[PDB]
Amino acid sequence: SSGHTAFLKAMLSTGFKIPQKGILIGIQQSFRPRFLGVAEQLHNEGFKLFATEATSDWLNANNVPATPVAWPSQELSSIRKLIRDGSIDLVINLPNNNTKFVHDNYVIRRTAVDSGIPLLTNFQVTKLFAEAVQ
């Protein structure tokens, strides 16, 4: 494979650029309790949050606004379309053992990297990305 327009634009970046638009949130259902706090914090900082339907509804039900998106396999807007037109400039995709979503998660991570979008796949990092008031 190769990278294209989105990727080249990323190679022109400085390295200090911090996401501003929206954040796609992908997490295993069972990890919801611990993540809610980080989500709320990201929201309270001006980020628009996007998540797969079930997760988006859970977020909203817990005072954290979020827009639902469809799983690539179940194509609710398309994740690639959002990443493609700049609505999502950061992707949080943490481990998920659900067989039903393993490929979708692979595809989501690959789409982010292919377009030079920062990808957070560890909760530690993600955890500080929010507290840092960043």
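Don't overthink the numbering: it's just position in the shown sequence, from 1.
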Looking at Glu75 and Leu76, the deposited sequence has unmodelled residues in between totalling 4 to 9
Which has the higher mean CA temperature factor in the PDB entry, 28-36 or 103-111? 28-36
What stretch has the higher average Cα B-factor here, 50-58 or 76-84? 76-84
Using the temperature factors in the entry, find which of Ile18, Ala10, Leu120, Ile23 has the highest value at its Cα atom. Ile18
Going by the recorded CA B-factors, say which third of the chain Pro65 sits in, lowest, middle or highest. highest
